[PDB]
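1. Enclosed are the sequence and the experimentally obtained structure.
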Amino acid sequence: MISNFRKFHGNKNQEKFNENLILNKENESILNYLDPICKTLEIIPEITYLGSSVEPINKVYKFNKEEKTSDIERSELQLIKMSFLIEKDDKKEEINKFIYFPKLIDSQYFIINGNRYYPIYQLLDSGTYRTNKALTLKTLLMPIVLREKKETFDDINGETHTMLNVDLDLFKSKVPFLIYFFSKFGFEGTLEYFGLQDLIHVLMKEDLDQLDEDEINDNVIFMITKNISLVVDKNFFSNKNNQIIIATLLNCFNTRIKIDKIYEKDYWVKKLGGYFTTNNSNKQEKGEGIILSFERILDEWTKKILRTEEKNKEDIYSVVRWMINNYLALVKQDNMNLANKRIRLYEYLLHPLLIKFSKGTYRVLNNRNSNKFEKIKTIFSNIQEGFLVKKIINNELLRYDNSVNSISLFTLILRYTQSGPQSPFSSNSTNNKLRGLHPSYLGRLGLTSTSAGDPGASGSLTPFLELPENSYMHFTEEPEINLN
Amino acid sequence: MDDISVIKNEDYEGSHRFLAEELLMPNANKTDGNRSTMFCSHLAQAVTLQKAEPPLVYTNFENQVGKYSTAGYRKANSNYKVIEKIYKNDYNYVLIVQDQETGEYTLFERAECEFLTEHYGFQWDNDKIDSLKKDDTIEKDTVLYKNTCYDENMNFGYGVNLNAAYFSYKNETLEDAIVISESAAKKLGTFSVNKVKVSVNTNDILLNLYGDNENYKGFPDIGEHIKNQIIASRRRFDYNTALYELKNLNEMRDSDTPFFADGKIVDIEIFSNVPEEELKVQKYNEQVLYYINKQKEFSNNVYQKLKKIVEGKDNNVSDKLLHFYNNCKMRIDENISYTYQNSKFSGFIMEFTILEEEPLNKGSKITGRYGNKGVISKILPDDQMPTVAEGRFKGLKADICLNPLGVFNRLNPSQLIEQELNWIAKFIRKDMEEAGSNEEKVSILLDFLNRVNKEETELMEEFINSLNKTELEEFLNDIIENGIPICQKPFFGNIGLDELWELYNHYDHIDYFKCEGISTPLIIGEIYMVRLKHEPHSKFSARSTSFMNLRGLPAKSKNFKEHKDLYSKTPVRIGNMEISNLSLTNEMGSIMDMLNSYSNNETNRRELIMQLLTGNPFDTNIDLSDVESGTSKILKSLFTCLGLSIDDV
């Protein structure tokens, strides 16, 4: 009996496969990912969230005479109910919407309209990575990006220095990153918040005349205006990362200034407005709006994903401070390493709802001289029970099941693609760097299986891979650069 | 790039944790990367074989792969107990089963086919489930039904073992070509199952293709096989003129719309949208009136069978059972109208599932494990193929001959190692078979296994000493008949070069086989073969005169997708450089005449068609006319829309 011996010899193996990794798709729950997308809509002050849940669907049909309509083809769906409380001065409407989402049958595929569809993992960088002359951080909808430009400065004695200035390329504009803090917390507020208020001082012309001569070498004095001078320490100026703040601060100011205008927030709030709106009448008001938007760029999911400590995760300002403190180390890191990449399965499926909600909320954010309640109602008025299914199928988010063999473990169960929504990969872009290999690939990915149609856009996970638990599908637990 | 320095071979010792999809292919540390990377795609495209066999040289890794692939077999999650089983058709029937640990209820449905994709599928080898009957007990590890790949004892297999040799046959193996004996072609097989959706309206009728007027069999029966590759043909009927149209329904007419398919019909299902009272009287719509009724009967059965279960106080049912119960109770009710593609059709529409076995034919492709891809060129009767007629074992005949020219040029020496291993296995097996009692026979085996894979010797000894005398004798007879399996791992643990040298040196009584009418020593081994998806009938196309586009140029028509025609009647376009390469010859007027009379001018096309049809068939002397072409008119209209015109002189 050859077969009995073969079975015994197979059972006496030692390098068994990883059971947990293969049967993973059924562990994911839609309700876990549903919350951040709904909470995104909270930008409008009136709208308040109330949660969402899965509704029961089991029911025994009772005989009826109502000319019922039934479909020829079979499909499996599941009902999700969301609730919102729209509150106004007198109206306190409650809106309950229902959405259909496909259910995972046999733990592997969806069945829609008699056809079978296989979900696939997507591989993407964790964030805070580096691109050509820029440092970018991925986000749900708004990709905040920092851009650096070299500049030249001359001191009092005439020594020339070349430094760097950083701008936040947000809202299709180039704006210094210090003016946001100067508008929010103020001059002294920003100085205290950064922690450099003990090293930065501003002196007038009369104080410049009475400047400490013996402290000139110890404390380098830099020009601000024709009369106002800046007092800063050379020891603080030693580090380039520290010098970044000095360069940006000197770049922010202009020739025209007033001593009492420095302590006034409006003095540069109107400057930011003029940067945004050219008309003088609204220079204040429009600027205020931007500030509000700048406090809602970051959402909860990006907070949960990031691996930084709690102290550097309070809000957008703390994130910007932590990013700008360690600019050099972050820009010195590479990109192709696998230590800072993750895999998504459902967040790239729930895209159309987020897109629709953003499109709806922008319209009501840009409304003027009208009643808000009607527009807020129109935001939620259109919710089709076949919205998600139609948008998913039409845009080809899911991949059609076209296989002929019964060997499915290596073919479709473990397959990852770098293309799709928010994918830097693009055939016409001709980015040959992304299609290459890195020494970190070995041990956690397949170096052989590649699609012949387009190399590098499809591989296969190693069956022996052990994803660490409680890390939200992270290959490692620490970034490539320790930063410690 | 100095990033390689992080990689250290000290930790990657004795563990295959860095291989994906290469676990199946053995001796992976010999072939290059360019040929190895083709194996992944080759495994991705591999159709099912009827007579699947486990590989002779196994990597000890395919068993777990087969176990963890749940797309081909279905086992029992928990211990069940059969409650009831009901029939639906000649073959397909369902059964309702109940747990013994939770009280829930589930259903299991027996089938005879599966639609993997638009063309390819397989047939369920449902044997254990059929034996289950009359309130039996299902255990945890039992498997209900399985695909054709899996064998009796869960051992995987995705190919066949064929006797092979490296030889040249009348230059028929140039480039990548393979000859194959008739017996091997008989051994190799494939399956094919397809679904066809025919449609019938109120005006249309069905011709009496099968049977006489007594039995107006419009379509084949449940288990019969179709003939002439025509499943059913429907003819439009008009109220105004039907006296001279419906005189004889036993023959095809000029304006017909037949449906083409091939195979054996296994499953049908009919959905109707007309009142039954109007359908009861029509004589030509007879067979449908049969099947529909039968179908409804089945539904009624379930409504009278388990209505005490779901409608009772327990209600502990799974989602699948409840959904199926609601779906089946939908039909027996009244005033129900179906819809298709978000539209309400008028006449009834059915479904057909057709199964067929396709044998190996010229033009197909077969490849080995190491990506030595080839193409079948010419099959021969087994008599013509080379045979050995001098040695002790006269009679062995090679089944496939491979190209010997491109073995070293292709940079993949694994095939030679595999063939040498199988040849040494053949020699040692014959030596063992010649003489020796069971007391020492196993020793003759063990020695050979001692110099190939040291890990296998311990398991060999344990298994051999575990059994008793009769089973040991049966196992020895079986290994004598089929052959000694040899195991070696892909990357870490295998034979290289020094081991082969020592193995050759130790056995001094081995010489090449001397064939007949060859005068050159030759070796024949056994190699693993897997079929591929690529077929000649999936891309062949021809076109005489199909439907024309709205503008007037020929265009692709969607009829082959709905099984309304045999060939994919798609024209081939002339590319940008094709016209220039044709213009390589100094003649240009002939090119212009050909293009204009083929796909530009309607009057010229009609004149050519007529002049070709009527006249002299042996010798043709057509004379084209001069009429302004369509493309010139299109261009003139577009340019005069822009505001510019092309003026001669």
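-> Yep, that arrived. Numbers count the residues shown, from 1 in each chain, chains lettered A, B, ... in the order given.

2. contacts and neighbour counts: CA atoms only from here.
-> OK.

3. Tell me which other helices or strands the longest helix along chain A touches.
-> With secondary structure taken from DSSP state H, chain A has its longest helix at helix A:351-365. Here helix A:351-365 touches helix A:372-381, helix A:387-394, going by 3 or more CA pairs under 8 Å, 6 or more residues apart in numbering or on different chains; DSSP states H and E.

4. hey, where'd the strands end up in the stretch 1-150 of chain A?
-> A:47-54, A:68-71, A:77-86, A:94-102, A:110-112, A:115-118, A:121-125, A:129-131, A:134-136, A:145-154 (DSSP state E, counting those that start in this stretch).

5. At the contact with chain A, which residues of the stretch 101-250 of chain B appear?
-> B:116-117, B:120-121, B:153-155 (CA under 8 Å from any CA of the partner chain).

6. can we see that at 10 Å?
-> Contact residues, the stretch 101-250 of chain B versus chain A (CA under 10 Å from any CA of the partner chain): B:115-122, B:147-149, B:151-155, B:158.

7. Please, a PyMOL command that selects the buried ones among the residues you listed?
-> This is how PyMOL selects the buried members of these, with burial counted by 16 or more other CA atoms under 10 Å in any protein chain shown:
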select buried, chain B and resi 115+116+120+121+122+147+148+149+154+155+158
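
8. rewinding a little: save the strands of the stretch 1-150 of chain A as TSV, and put in mean neighbour count too.
-> Shown next, in TSV, are the strands of the stretch 1-150 of chain A (neighbours: other CA atoms under 10 Å in any protein chain shown):
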stretch	mean neighbour count
strand A:47-54	15
strand A:68-71	14
strand A:77-86	16
strand A:94-102	16
strand A:110-112	18
strand A:115-118	16
strand A:121-125	19
strand A:129-131	16
strand A:134-136	18
strand A:145-154	14
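
9. closest to chain B out of those?
-> Of all the strands of the stretch 1-150 of chain A, the one in closest proximity to chain B, counting by CA to the nearest CA, is strand A:68-71 (5.0 Å).

10. Output that closest one as PDB - backbone C-alpha positions only.
-> Extracted in PDB, the C-alpha atoms of strand A:68-71 (Å, rounded to 0.1, in the frame of the first residue of the first chain):
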ATOM      1  CA  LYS A  68     -44.300  40.400  -5.700                       C
ATOM      2  CA  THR A  69     -41.300  40.700  -7.900                       C
ATOM      3  CA  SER A  70     -38.400  38.100  -7.700                       C
ATOM      4  CA  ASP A  71     -35.100  38.000  -9.400                       C
END
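
11. Adding distance to chain B, write the strands of the stretch 1-150 of chain A out as TSV.
-> Formatted as TSV, these follow (distance: least, CA to the nearest CA, whole Å):
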stretch	distance to chain B
strand A:47-54	15
strand A:68-71	5
strand A:77-86	11
strand A:94-102	14
strand A:110-112	13
strand A:115-118	9
strand A:121-125	16
strand A:129-131	19
strand A:134-136	23
strand A:145-154	27
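
12. mind giving me a markdown table with those strands and columns for distance to residue B:126?
-> Shown next, in a markdown table, are the strands of the stretch 1-150 of chain A (distance: least, CA to CA, whole Å):
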| stretch | distance to residue B:126 |
| --- | --- |
| strand A:47-54 | 38 |
| strand A:68-71 | 31 |
| strand A:77-86 | 30 |
| strand A:94-102 | 30 |
| strand A:110-112 | 24 |
| strand A:115-118 | 23 |
| strand A:121-125 | 34 |
| strand A:129-131 | 55 |
| strand A:134-136 | 57 |
| strand A:145-154 | 60 |
